[PDB]
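Only one chain is given next, in structure tokens, and it is the form deposited in one PDB entry.
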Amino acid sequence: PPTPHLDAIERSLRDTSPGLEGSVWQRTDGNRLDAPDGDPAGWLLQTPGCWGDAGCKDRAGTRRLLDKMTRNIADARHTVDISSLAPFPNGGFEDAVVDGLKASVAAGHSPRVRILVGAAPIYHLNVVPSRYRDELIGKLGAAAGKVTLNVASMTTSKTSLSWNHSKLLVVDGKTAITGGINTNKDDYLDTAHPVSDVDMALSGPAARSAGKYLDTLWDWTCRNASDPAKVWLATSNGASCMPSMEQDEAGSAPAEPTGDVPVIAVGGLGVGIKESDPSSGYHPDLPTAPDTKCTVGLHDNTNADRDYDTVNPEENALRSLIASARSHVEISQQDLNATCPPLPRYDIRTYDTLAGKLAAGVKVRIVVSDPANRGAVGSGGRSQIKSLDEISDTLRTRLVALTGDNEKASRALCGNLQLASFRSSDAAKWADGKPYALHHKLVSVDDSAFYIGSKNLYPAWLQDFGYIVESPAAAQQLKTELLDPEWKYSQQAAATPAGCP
């Protein structure tokens, strides 16, 4: 079956980062979206799972996520690979890891386990890698002797604010769960106002691609344990750091197909791991029109750095996914814009891509977390805008720079843009007064191809990872289970841009 959206994205990735193919990005065939029996859309792991249920008393999506995480780890024969934003997995996320590992050992296995978290320079890690390792060993009991642990917290650039933000669980290089969900009990479990988020589960060659991505992070992490300012590392049982655990498990044989789904795995190396993909001939004419509402203090990696693109192919993967839309594109995000300064306020090429779609008659929907969400920098579901106008006004600006006059800009903007704050029920706020917070990193185009992962569309220079799937059947499930319900409730919080009926 034809894959016109993946083909376009693949061309962009091979132009941007040819040397990173097979490590930081990879297209594979023959994957399976990992759904349980009798629940065909069950590969889509939404949390809390309460569409149209303002009370959200039964948080069935959260339970299904933790169950699936546990089962995947319980099935581990050789390797368990976990990455997240700090802190190390706690609460029910930790129970899933402990329970799964105990089951793997009870089945006769001696699994190797890597657990990697990224830490902002300002973030104080309460439970450091040595203490987290020790806590796990205690909870593992007698099984701890059979489990090889590598536990590490990392920061790759202090000045350029770069650390691991990818959210991955990869087992045996064969199954993978990824998305926006941090293993942080205070955002999803121990809370009266849970964040809305989505992960996906697959099996097949693209799970190995995720493993190769984590091998790239652990190669750097193991080497830079020589600098405790950057890396804190703890291992169990006297074990060495395992930079290439996924390659060792993969061996020489190619990954075995498990279904028929084509997937592009794509991530980025942030800042401070690798300065450029230096086999790349990528030579963009980077955007000339700068956001006159803000100026970045730091060097602008998002909008003004060729080298950064070459080691962060996920940036161009998302731009080319959006650019591939022939009929309609749905964007569901925490934010489209970043707090500026210190980061650039928006990705210029992304907004220019969206403006081009609006002017060409392509339907564009943007749903973001409500601006009433104000949290600390790094909180899930926070918003970085005061009003949805900051999105529509910027689109209007880029439209004028493209069409030439404001009246054409208005016809494109008013006729083809849907813009709203996220809602999951008829209720505007939670019972405890707090508003709904959205943490998706999702893009879907033409009900044919979609991204689910950890990479936000707003500017950020972190290590991130995600999958782009092209499958009309899977995108129909996504539409039915997530996108249509999202708009059913979010349209009650829609914006009418300035200058529109």
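Note that residue numbering follows the sequence shown and begins at 1. Residues that one form lacks are left out of the comparison. Just so we're on the same page, rigid core means the largest C-alpha set that superposes within 1.5 Å between forms.
Quick note: we don't show the form deposited in another entry, though the next part is all about it.
With the two forms fitted on their core, the C-alpha shifts between this form and the one not shown stay under 2 Å for all of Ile137, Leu402, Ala304, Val377 except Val377.
Note on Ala376 and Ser387: their C-alpha atoms are nearer in the other form, a change of at least 3 Å from this conformation. The distance between the CA atoms of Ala376 and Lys386 is at least 3 Å shorter in the other form than in the form shown here. Listed alone, the shifted run between this form and the one not shown is 374-381, counting only residues present in both forms whose C-alphas move 2 Å or more over at least three consecutive positions once the core is aligned.
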